[PDB]
């Protein structure tokens, strides 16, 4: 059931065996698992490969479509609450807490000063973050370019643009929602 909510988002974005079939399979609960859904997306790609050739521009386009679809499934697995909110986008959607809570950090992308962000996952040498601010940019950040959220940021390289200020405002609203236990709807 909840599966239908998420897959609906994915198919809807897919627009932009065939897609109408997949859509109605989603709506009629025909997929027992995400893996069944992904297999139909794969079959869709393989049919394009068959029809036009493995080296065709049609294949290239279809490969990226499948890749984009699989990316959505990866993101869903990373955190279903983030995926829901990032798709439904109520007001202040990025401010609502998740469980477990995302680690918050200051992160510097190459070329930029520090911006606040949520940690999505990590490995020893780099961290996958989603930034606060209007564009909610996603990026891998080298571990040496991360600072604890509790650091005095006035000390460090930042550019206090309006976008940045808005990101800090969004960060503070998020920390408040955490303290309030204000969970989405």
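Numbering follows the first chain given and starts at 1.
Quiz item: Per the record, how many residues of the deposited chain fall between residue 16 and residue 17 without being modelled: none, 1 to 3, 4 to 9, or 10 or more?
Solution: In the deposited sequence, 10 or more residues between these two have no coordinates.
Self-check item: Given 150-158 and 121-129, the range whose Cα B-factors average higher in the PDB entry
Solution: Going by the record's values, the stretch with the higher mean is 150-158.
Practice problem: Quick one: say whether 112-120 or 54-62 has the higher mean Cα B-factor in the deposited entry. | Solution: Higher mean C-alpha B-factor: 54-62.
Quiz prompt | Member of 32, 38, 67, 138 with the greatest C-alpha B factor (per the PDB record) | solution = That would be 32, according to the entry.
Quiz item: Lowest, middle or highest third: where is residue 3 by Cα B-factor in its chain?
Solution: According to the entry, residue 3 has a C-alpha B-factor in the chain's highest third.
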